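Structure here, sequence nowhere to be found:
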Ligand SMILES: Nc1ncnc2c1ncn2[C@@H]1O[C@H](COP(=O)(O)OP(=O)(O)O)[C@@H](O)[C@H]1O
Ligand SMILES: Nc1ncnc2c1ncn2[C@@H]1O[C@H](COP(=O)(O)OP(=O)(O)O)[C@@H](O)[C@H]1O
Ligand SMILES: Nc1ncnc2c1ncn2[C@@H]1O[C@H](COP(=O)(O)OP(=O)(O)O)[C@@H](O)[C@H]1O
Ligand SMILES: [Mg+2]
Ligand SMILES: [Mg+2]
Ligand SMILES: [Mg+2]
Ligand SMILES: [Mg+2]
């Protein structure tokens, strides 16, 4: 139980040592030991802490026997380097993709995790996620392409790989015209949809009552001309950045998009564009003039399924098929 | 909780409970804190420690029994080690610092076995069986020195004396201390060389002078001087004499009065005049009974009135006043006299006999002390110690006291061993050899007991600035090549690791108790699970 | 328990860390402290409880969903059942009382299993292997929704949910209201899949009369007050047009942050007159369209009120956004956020107006509500509850809310199971012979899992102030003989449960007590995950706040 | 840990049932002296300092702060009777408090489960409504002489019984004015206006159809007496309107600033010309009026009233028939008030009062009550609302039931015959309602100074003879029938009193635990 009230139940020894505040100066160094184990290999953070404490216990009796500490430290480094070559002869190389070696090693690495009983369908899940990215140079295999989305409610048995990009945030639903979209082109809007304003302070002076009649019509005409170019490219799905500085949506804009049955989802993270652009195969559109059909991708089904109070927006299939794909997995569970 | 206060025992929140591995770790570390303190003072290269009392008095000693006695502790496990060294000093009186190091060494090897999943009783069962195998092995190696005559028997007493005198302050005079400690037992002892009485030897310290002034005086040393000091200080016997005819009296000099409260009613002047003559007739009668008996120095427990100051001065009879009751028992033993309860029972056969009675000036003022000497071998030997510091005069008492505890243990027949770490190494390899034959679950129990015995020789190498690894490996390789057990650690570095050439000798009864007190105490500590400590 | 442990010896932590069996002992006491509440509220013989906020207000809540929500529990493991009771409302909507008692009993009996030194992984596996066979056994013993010629189901489905509630004696009257309310609000999606939008039925709070006289409204009832008193209170005639607008009818400032600068003073008045004239342009298109009722999300300025009275139009202001969406679909109107189309011109089309039979505003006990009945496009329903006070209707509001979720599960999945301890008792005999096959250390874990489910049927008899043994001992006689009943219907021995009123064992099918099958699957899986997470906690670490 | 921070300790079992029954009985025990024509009065002290002295049941309960949570549910029961009907609030608590008092020796003694009792309370509630329906007789709702005796039912207890002959004429014409044909009369208290004017005499009063305003005239020349008044309601203030856009004018030429003030005077004159198009005699607005718009209306003889209450404008539109229009451009002759007459401002030292007299069926009336003091005048206001509430249920349904102890005992006799025929576990809780209906007729005797032992003993013997009209006199305590004296009360009052008591008893018997400390 943390100081702010958050309670974390973790099997991993890194989170156990990180969330726990130790008053002893040297005992906190074990927290960063599991950090190096989790950053490089990612597995064995609990064992490396036990091995560190075991070597200190073996070296504790060596201090009273008249051995200098540097001799003890230089002896462990010489023994650790020799222990590396011991494991190099015993290990066996494996094929690029093998369902027998990868699945059995993934379920074994789970060990005491709560998912060990759920490891039946979860072991092929982690294997098939990495197999989508293959290289002969043995790159670190960045995990940014693998997105694990957490949803409150349900059971872990319902966890399965999604065939396409999943959206964490829900639809605007203010207009809520389209219920479900089939064979839609998902768009990406990096700009703001609103009545025309500069990004800096401006002034509008009205010297005649007839001028206000043109203002209300032209403010809606700007939002109308944006919907015209979208309809010509047959883009039924739009995604807009948060845009805390300038309003991203408007009641007049959502009404124009409701007539064309265009689904729009806002409040999207800025760092998630790389997952949206590579996963859906859609080039972001930052300008109404740069908007075209070539930058738009293809999606079979874009829908929002409300199940047991948990609302989620999922996309099924990507027809782009660019160089490398992405992995999308939705996580469900009873307790947060 | 259901919403109501749940209290099983009074002072709920005051008392705490310890259980599991955390309860065992706190007990081992409590002994390691006591061990590392005692390990520094172990061996002749050790160092003393200052003991500050709550009243302001200070004490400087390396003795594990004295350090822990005045030590104020909190944890009860460290308090159990206090009575461990107290058990060693009360009975044997030697090896108080070795029982603490050996006991904590058993607990250090037991903590490693507990982490491996061994039940604590299985650990205690292995130490009990390994303790009897080490004692039976060393008992066969030692030899009986009782075949030697009284001339060589004195040499063995000088050997074990110089060893116990080391490691303590004022160790430069140990050559003369070893000679004076043996002569006390030579004078006071049974004719069969058995069951010598230790209570006949008294330890009397004196603050002043230098340590070179310490010498043996057979007799009684009292803090009281001669009453009415118009008499000569040094009393000399008559030309011909059987002795000085020392007199001891527990009755003060007074006219006879009933023990019960009495009322003497004088109804006339004639009855009052008879009391005047009756008064002086008793003081004249009491001084004549001593002169007719031939006695010279008169000792009174309660003293006497100033009337007898000049009365005993006319007859040249020395007298002392306000002598303690415990000192009166010490006087009759030295002079072989008998305490006379009253003048009617006073006879010449009950008078004591000593060589000379005299007093010393000591320092400038200080106080006047009486000294008695004997003309032949007697049953009383009083130790006389001097020093330039109050701390030196104090520690030298228990330094020679522990030296006398080693000699009286040698009075017991057919127990001798050689010290210097040679005993622990011999008993260590005998236990490790049985571990290979037994195997089983107890195989690791004999290993922990063998590694604990080697801690004492390795501790001796730490205070001497040596390599505990190279020293222990040499001792173990020597016992495997040859059967001689006399090779041990040398902290004085005179060479010749053989203990026979270095003369170092220790009592076997002292070394046997070190294993028994350490093994049997760890058996109780390992059984402790729930620790309930109330708040002060 | 006993004496507190020492504080961080050689451990050097700023908080409190306790290890050993003291954590699992306090974890059981955390679930047992919150269970003793939910326990006495289980079953038709259960009794309501009253929670006080110390501010003078009291809350009567029978089920443990809101009870655990209101009660503040700072214990880390105690918050699991608090979130579990709040969870059970999300998936099934009913069973918050049974899921907490079962999950607390799974941990209670497992406290003696760890004293055996049995590792939790053996305990967890014993509960999971027994659960996999339990879910399959429930699917074998389910009954079809066909039954006799007539329905004779949905009426009995609601009577089970009405139990344990104050309206349980009136369940015969409320049975027909819940069934007719859900069938009217049904929708269609996923190309033929029927959906049931729970909460679409409006629950109104009224005082006076009695709960037995509560009338089911054949349509939607909007809770709000009339804009102006000069408007007609009742609108009759067929084809009543209703306008739902999300746009502000009040006069608003020009743009947002601009500034109006006027040079010629002759235009000072003409510019201001246009600001008030643009607002009434949208009202003129509504009056010419023939809209009888104008529903507006936000308020209505006095400029728009004079046009509604002269045209005999009922204006309504301060409408909830979620309320108007249900009015649009029911009446057939289209929600209008603003007046515009693809063309540059601005006009109002008559297709955006809905149709219904009648619009009337009813006022009972200070509660004013507009009754919209006879929706042609899509039917709707509303329930007006009548009781002692508002807090007496607060329990009646959640009583009918749980009944809507139970009927939804029976229509989607026609598989139902009888209530009264039928499922909990049947799983015991099935798992007794199954544990003997596996054996080893998992035989005791499965045996304790079957005995842990006995807390539900035993709680029924304890809260009824009757003898529990004679009811449970006779209960097992039918279930123990049901597994050995053997093929040949003459089988019987199954679907029997406790009758708490008469103190006898009768068939639950003829008694009219049924429960959805999916309610048993989601309850046992959710109650196990709460026990698995607790059995896996060796050490609790509490860090003091900074 | 402490686990639950809210009432970790719990009180459950019979201890929670006794605390719920004892506190519920204490609510009814204080109002026992408030029942009957001889009933006393109760004074209440609020933290604000206002003193409320009345015998009404609801007015006593809502102004008392009860720390007992379950007893607070008893406080809201009178609100159910007051909002739905308004008469019979005292008998609800006395009946509901007696039920739990009679139902107490069951869970403790007979060990009967509450739900078993609830099933008996619901069956006894259905049979009680049938007995009340049988003893009820229909009467003519259009008879003015018959409705005067029905209003005296609630007046006999109140202090206004001395003026009852005058008070019935005030409440009769008030309900008949606001009612209209449409759910039948659909009369509402919001259309009836009761104005409290300190001083005067209670014997002298009249029902005035119109709106009585305390605002004075805005100009001295304004005529305070008009033969044929014409009322035009305007929500827009006559002051110069300012745009909310915060328009800032940049003045350059010297004639621009002088023109702005002139245009402000031209529009105010223009708005007056739009009003003078229909030539109204009176002007009434709910906002302030500028001093410039006053002069332009002096030529047309338009009397202006400013800062009129918002709800009063809706009551002016009912009597005068005018239509409320915010803009002056939409004013038409049809929107001008018609048929109104007798406009006069009477001079009183305290405040200026304006009178209106009427000649689309919804109307309004303003009752002027003149008391001896402000606090007594607050009592007549409460007594007048309860008097008009009796005439509501008479016009809603023709059914009329006896009162004064006849209806309560008529149900208890029918419950005694069916109880012996049940022969089951529900027989004991079914007899609790029969003894619970006896508290109301027993209280009438205790407050009258008679002997309840001998009167109630012979009272039950009369109901066995086949007549349900035997009541209990409030003065002499005679057993004479209520047909002779004429006590009759609407059946709705008797039904709402029994229904609320049964629904409330089932709520408190289901509470097995009381916990606090939640702090939501
Ligand atoms: N001069 C010495 N030469 C070799 N060993 C010695 C000498 N003095 C002491 N020792 C060893 O040191 C150990 C501890 O002796 P010491 O500290 O003097 O008294 P204690 O035995 O009471 O601790 C003994 O077991 C003895 O074998
Ligand atoms: N009429 C009845 N007879 C016997 N048992 C019933 C009856 N109604 C409900 N039960 C039992 O009471 C339990 C709880 O039912 P219910 O009150 O609907 O859920 P909850 O207690 O979660 O609100 C169910 O498991 C059911 O078996
Ligand atoms: N003169 C009377 N004789 C007999 N009964 C009376 C008399 N006056 C009033 N009552 C009864 O006393 C009751 C008191 O009525 P009231 O105080 O107005 O409200 P509540 O009935 O709530 O107390 C009435 O129901 C009426 O039947
Ligand atoms: Mg792992
Ligand atoms: Mg010694
Ligand atoms: Mg339920
Ligand atoms: Mg009344």
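Happy to help now that I have it. Numbering: from 1, shown residues only, chains lettered A, B, ... in the order given. Ligands and ions are numbered 1, 2, ... in the order given.

Who are the contact partners of whichever residue of the stretch 1-150 of chain C sits closest to chain B?
Chain B sits closest to residue C:3 of the stretch 1-150 of chain C, with a gap of 3.7 Å, by C-beta to the nearest C-beta. Heads up, the C-betas are built off the backbone N, CA and C, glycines and all. If you count contacts by C-beta atoms under 8 Å, 6 or more residues apart in numbering or on different chains, residue C:3 has them with B:9, B:12, B:15, B:16, B:17, B:532.

what's the spacing between whichever residue of the stretch 201-350 of chain D sits closest to ligand 1 and residue C:292?
Residue of the stretch 201-350 of chain D nearest ligand 1, by C-beta to the nearest ligand atom: residue D:246 (98.8 Å). Distance of residue D:246 to residue C:292, given as C-beta to C-beta, to the nearest Å: 38 Å.

Same check on residue C:415?
As judged by C-beta to C-beta, residue C:415 and residue C:292 stand 46 Å apart.

doesn't residue D:119 make contact with residue C:169?
Yes - between residue C:169 and residue D:119 a contact is recorded at 5.1 Å, counting by C-beta atoms under 8 Å.

Give the residues shared as contacts by these two.
By C-beta under 8 Å, 6+ apart, no residue touches both residue C:169 and residue D:119.

how about the helices of the stretch 101-250 of chain D, start to end?
D:114-135, D:144-155, D:164-178 (DSSP state H, counting those that start in this stretch).

Run the angle between the last one and helix D:144-155 for me.
Read it as helix D:164-178. Interaxial angle, helix D:164-178 versus helix D:144-155 (axes from the mean of the first three to the mean of the last three C-alpha atoms, to 10 degrees): 110 degrees.

which of the residues in helix D:164-178 are buried?
D:164, D:167, D:168, D:169, D:170, D:171, D:172, D:174, D:175, D:176, D:177, D:178 (16 or more other C-beta atoms under 10 Å in any protein chain shown).

mind checking how far it is from the chain centre?
A distance of 15 Å separates the centroid of the chain from that of helix D:164-178, by C-alpha atoms, centre = their mean, to the nearest Å.

Is there any residue in it that contacts chain C?
No - figure legend: helix D:164-178 not in contact with chain C (C-beta under 8 Å from any C-beta of the partner chain); closest approach 12.6 Å.

Tell me the secondary structure of the residue of chain C most remote from its centre, please.
Residue farthest from the centre of chain C, counting by C-alpha atoms, centre = their mean, is residue C:264 at 63.6 Å. Assigned with DSSP: H, G, I helix; E, B strand; the rest coil, residue C:264 falls in the coil class.

what do you get for residue D:390?
helix.

so it makes contact with residue D:490?
Yes - if you go by C-beta under 8 Å, residue D:390 and residue D:490 touch, sitting 6.6 Å apart.

Could you report the neighbour count for the residue in the stretch 351-500 of chain D that chain B sits nearest to?
Going by C-beta to the nearest C-beta, chain B is nearest to residue D:429 of the stretch 351-500 of chain D, at 32.8 Å. Using other C-beta atoms under 10 Å in any protein chain shown, residue D:429 has 23 other residues around it.

if I look at it, how far off is ligand 5?
In this view, residue D:429 and ligand 5 are 94 Å apart by C-beta to the ion, to the nearest Å.

same deal with residue D:76?
To ligand 5, residue D:76 is 92 Å away according to C-beta to the ion.

so what's that residue up against?
Counted by C-beta under 8 Å, 6+ apart, residue D:76 has contacts C:388, C:389, C:390, C:391.

And the third one, how far from residue D:497?
The span separating residue C:390 from residue D:497 equals 20 Å under the rule C-beta to C-beta.

Looking at these two, which is more packed in?
Ranked by neighbour count (other C-beta under 10 Å), residue C:390 and residue D:497 place residue D:497 first, with 27 against 13.

mind checking which helix or strand the more buried one is in?
Applying DSSP states H and E as the criterion places residue D:497 in helix D:491-508.

Likewise for residue B:27?
Element membership of residue B:27, judged by DSSP H and E, is helix B:21-41.

Report whether that helix contacts chain A.
No - applying C-beta under 8 Å from any C-beta, one finds helix B:21-41 out of contact with chain A, separated by at least 8.9 Å.

Output the contacting helices and strands for that helix.
Counting contacts by 3 or more C-beta pairs under 8 Å, 6 or more residues apart in numbering or on different chains; DSSP states H and E, helix B:21-41 is packed against helix B:64-69, helix B:76-90, helix B:96-115, helix B:455-463.

Chain A: which of the buried residues of helix D:164-178 is nearest?
Ranked by distance to chain A (C-beta to the nearest C-beta), the buried residues of helix D:164-178 are led by residue D:178 at 43.0 Å.
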